[PDB]
$ cat run-v9.pdb   # PDB, C-alpha atoms
ATOM      1  CA  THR A 629       5.141 -33.171  16.357
ATOM      2  CA  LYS A 630       2.598 -33.457  13.536
ATOM      3  CA  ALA A 631      -0.105 -31.581  15.454
ATOM      4  CA  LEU A 632       2.103 -28.616  16.362
ATOM      5  CA  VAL A 633       3.583 -28.391  12.858
ATOM      6  CA  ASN A 634       0.121 -28.188  11.299
ATOM      7  CA  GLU A 635      -1.036 -25.623  13.861
ATOM      8  CA  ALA A 636       2.089 -23.499  13.398
ATOM      9  CA  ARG A 637       1.738 -23.508   9.608
ATOM     10  CA  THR A 638      -1.927 -22.495   9.837
ATOM     11  CA  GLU A 639      -1.043 -19.358  11.799
ATOM     12  CA  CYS A 640       1.868 -18.649   9.448
ATOM     13  CA  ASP A 641      -0.660 -18.492   6.589
ATOM     14  CA  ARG A 642      -2.418 -15.465   8.128
ATOM     15  CA  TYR A 643       0.527 -13.044   7.970
ATOM     16  CA  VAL A 644       0.412 -12.937   4.163
ATOM     17  CA  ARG A 645      -2.968 -11.192   4.056
ATOM     18  CA  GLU A 646      -2.465  -7.437   4.262
ATOM     19  CA  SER A 647      -3.837  -5.638   7.313
ATOM     20  CA  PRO A 648      -5.047  -2.024   7.191
ATOM     21  CA  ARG A 649      -1.727  -1.003   8.747
ATOM     22  CA  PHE A 650      -0.004  -2.386   5.639
ATOM     23  CA  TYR A 651      -1.095   0.737   3.731
ATOM     24  CA  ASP A 652      -0.264   4.235   4.980
ATOM     25  CA  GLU A 653      -0.093   7.374   2.847
ATOM     26  CA  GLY A 654       2.649   9.029   4.889
ATOM     27  CA  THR A 655       4.771   5.923   5.424
ATOM     28  CA  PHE A 656       4.791   4.921   1.751
ATOM     29  CA  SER A 657       2.823   5.652  -1.423
ATOM     30  CA  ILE A 658       2.204   3.042  -4.115
ATOM     31  CA  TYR A 659       1.958   5.842  -6.696
ATOM     32  CA  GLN A 660       5.598   6.934  -6.424
ATOM     33  CA  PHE A 661       6.310   4.306  -9.093
ATOM     34  CA  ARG A 662       4.797   6.732 -11.605
ATOM     35  CA  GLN A 663       7.746   9.013 -10.862
ATOM     36  CA  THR A 664       9.921   6.067 -11.927
ATOM     37  CA  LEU A 665       7.628   5.382 -14.916
ATOM     38  CA  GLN A 666       7.006   8.945 -16.180
ATOM     39  CA  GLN A 667       9.954   8.949 -18.588
ATOM     40  CA  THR A 668      12.303   7.872 -15.785
ATOM     41  CA  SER A 669      12.781   4.092 -16.135
ATOM     42  CA  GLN A 670      13.800   4.006 -19.789
ATOM     43  CA  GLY A 671      14.616   0.324 -20.216
ATOM     44  CA  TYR A 672      12.535  -2.668 -19.155
ATOM     45  CA  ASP A 673      14.696  -3.219 -16.078
ATOM     46  CA  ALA A 674      14.329  -2.940 -12.297
ATOM     47  CA  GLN A 675      17.411  -0.910 -11.366
ATOM     48  CA  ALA A 676      15.931   2.542 -10.709
TER      49      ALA A 676
ATOM     50  CA  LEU B 484      17.569 -50.497  -8.275
ATOM     51  CA  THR B 485      14.582 -49.164  -6.320
ATOM     52  CA  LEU B 486      16.814 -46.228  -5.307
ATOM     53  CA  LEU B 487      18.835 -45.670  -8.496
ATOM     54  CA  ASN B 488      15.993 -43.929 -10.334
ATOM     55  CA  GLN B 489      15.248 -41.636  -7.377
ATOM     56  CA  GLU B 490      18.664 -40.040  -7.863
ATOM     57  CA  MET B 491      17.923 -39.782 -11.589
ATOM     58  CA  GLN B 492      14.642 -37.951 -10.968
ATOM     59  CA  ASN B 493      16.296 -35.451  -8.624
ATOM     60  CA  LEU B 494      18.991 -34.907 -11.256
ATOM     61  CA  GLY B 495      16.389 -33.703 -13.747
ATOM     62  CA  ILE B 496      14.699 -31.476 -11.176
ATOM     63  CA  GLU B 497      18.047 -30.144  -9.958
ATOM     64  CA  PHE B 498      19.308 -29.572 -13.509
ATOM     65  CA  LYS B 499      16.493 -27.139 -14.299
ATOM     66  CA  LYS B 500      17.209 -25.286 -11.049
ATOM     67  CA  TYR B 501      20.776 -24.390 -12.036
ATOM     68  CA  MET B 502      19.745 -23.419 -15.567
ATOM     69  CA  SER B 503      16.958 -21.200 -14.227
ATOM     70  CA  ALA B 504      19.365 -19.536 -11.784
ATOM     71  CA  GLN B 505      22.017 -18.767 -14.406
ATOM     72  CA  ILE B 506      19.524 -17.356 -16.914
ATOM     73  CA  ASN B 507      17.802 -15.216 -14.277
ATOM     74  CA  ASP B 508      21.076 -13.467 -13.424
ATOM     75  CA  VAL B 509      21.378 -12.323 -17.049
ATOM     76  CA  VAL B 510      17.935 -10.703 -17.252
ATOM     77  CA  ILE B 511      18.784  -8.378 -14.342
ATOM     78  CA  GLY B 512      22.547  -7.944 -14.781
ATOM     79  CA  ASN B 513      23.807  -9.964 -11.815
ATOM     80  CA  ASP B 514      26.295 -11.729 -14.111
ATOM     81  CA  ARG B 515      28.949  -9.018 -14.228
ATOM     82  CA  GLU B 516      30.675 -10.635 -17.217
ATOM     83  CA  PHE B 517      27.609 -10.263 -19.444
ATOM     84  CA  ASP B 518      27.219  -6.567 -18.614
ATOM     85  CA  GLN B 519      30.811  -5.758 -19.591
ATOM     86  CA  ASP B 520      30.308  -7.323 -23.022
ATOM     87  CA  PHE B 521      26.896  -5.683 -23.428
ATOM     88  CA  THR B 522      28.183  -2.161 -22.767
ATOM     89  CA  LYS B 523      30.925  -2.807 -25.327
ATOM     90  CA  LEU B 524      28.239  -3.560 -27.918
ATOM     91  CA  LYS B 525      26.431  -0.268 -27.306
ATOM     92  CA  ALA B 526      29.609   1.825 -27.425
ATOM     93  CA  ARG B 527      30.722   0.440 -30.793
ATOM     94  CA  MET B 528      27.406   1.192 -32.505
ATOM     95  CA  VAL B 529      27.176   4.747 -31.160
ATOM     96  CA  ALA B 530      30.808   5.364 -32.103
ATOM     97  CA  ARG B 531      30.223   3.672 -35.461
TER      98      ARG B 531
END
$ encode --input "run-v9.pdb" --output "structure tokens"
Amino acid sequence: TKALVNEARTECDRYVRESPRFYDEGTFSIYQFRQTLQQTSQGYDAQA
Amino acid sequence: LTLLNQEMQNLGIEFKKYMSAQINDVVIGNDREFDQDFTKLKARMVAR
């Protein structure tokens, strides 16, 4: 049980790192937040 | 006696958990009661 648990956790630690597929211009743009920051999100909240 | 203090230690750890959960809901508006009072505050000043 100990051996498998350690091995399983080790693999589970590799998903966190972002692969090249994680970023895609068409699928999603990180810069669309500017549209929510350019006089759009008035208060210091996370609702918009 | 060797087990009495273990419950005490978890009580301190658990106590902070509830306090952190309740306060977090206020910062984002999850606590619906707080929002109703807050909007009342804004309306009075603008009307005033």
$ interface_residues --input "run-v9.pdb" --of "chain B" --to "chain A" --cutoff "12 Å" --atoms "all atoms listed in the file" --output "CSV table (one decimal) with C-alpha atoms, in the frame of the given file"
chain,number,residue,atom,x,y,z
B,509,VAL,CA,21.4,-12.3,-17.0
B,510,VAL,CA,17.9,-10.7,-17.3
B,511,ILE,CA,18.8,-8.4,-14.3
B,512,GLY,CA,22.5,-7.9,-14.8
B,513,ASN,CA,23.8,-10.0,-11.8
$ atom_distance --input "run-v9.pdb" --atom1 "atom CA of residue 676 of chain A" --atom2 "atom CA of residue 663 of chain A"
10.4 Å
$ axis_aligned_box --input "run-v9.pdb" --around "segment 513-524 of chain B" --padding-each-side "3 Å" --output "JSON"
{"center_x": 27.4, "center_y": -6.9, "center_z": -19.9, "size_x": 13.1, "size_y": 15.6, "size_z": 22.1}
$ atom_distance --input "run-v9.pdb" --atom1 "atom CA of residue 644 of chain A" --atom2 "atom CA of residue 660 of chain A"
23.1 Å
$ atom_distance --input "run-v9.pdb" --atom1 "atom CA of residue 506 of chain B" --atom2 "atom CA of residue 521 of chain B"
15.3 Å
$ decode --input "run-v9.pdb" --residues "segment 488-522 of chain B" --atoms "C-alpha atoms" --output "short mmCIF file (atom, residue, chain, number, x, y, z; two decimals), in the first residue's frame"
data_model
loop_
_atom_site.label_atom_id
_atom_site.label_comp_id
_atom_site.auth_asym_id
_atom_site.auth_seq_id
_atom_site.Cartn_x
_atom_site.Cartn_y
_atom_site.Cartn_z
CA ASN B 488 -4.75 17.43 24.89
CA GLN B 489 -4.97 16.02 21.35
CA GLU B 490 -8.62 17.05 21.25
CA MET B 491 -7.61 20.46 22.61
CA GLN B 492 -5.04 20.98 19.86
CA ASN B 493 -7.54 20.08 17.13
CA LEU B 494 -10.01 22.50 18.73
CA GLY B 495 -7.60 25.39 18.18
CA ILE B 496 -6.85 24.33 14.61
CA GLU B 497 -10.54 23.75 13.89
CA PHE B 498 -11.55 27.06 15.49
CA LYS B 499 -9.45 29.08 13.04
CA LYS B 500 -10.97 27.12 10.15
CA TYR B 501 -14.52 28.24 10.91
CA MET B 502 -13.45 31.84 11.51
CA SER B 503 -11.53 31.90 8.23
CA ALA B 504 -14.53 30.47 6.37
CA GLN B 505 -17.02 33.00 7.76
CA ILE B 506 -14.77 35.99 7.08
CA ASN B 507 -13.98 34.83 3.54
CA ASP B 508 -17.67 34.78 2.63
CA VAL B 509 -17.91 38.48 3.51
CA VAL B 510 -15.05 39.62 1.28
CA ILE B 511 -16.79 38.19 -1.80
CA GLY B 512 -20.46 38.59 -0.87
CA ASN B 513 -21.41 34.96 -0.26
CA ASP B 514 -23.07 35.97 3.02
CA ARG B 515 -26.34 37.27 1.60
CA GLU B 516 -27.25 39.00 4.88
CA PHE B 517 -24.20 41.27 4.76
CA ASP B 518 -24.92 42.37 1.19
CA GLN B 519 -28.48 43.44 2.02
CA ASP B 520 -27.23 45.69 4.83
CA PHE B 521 -24.38 47.01 2.68
CA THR B 522 -26.64 48.10 -0.18
#
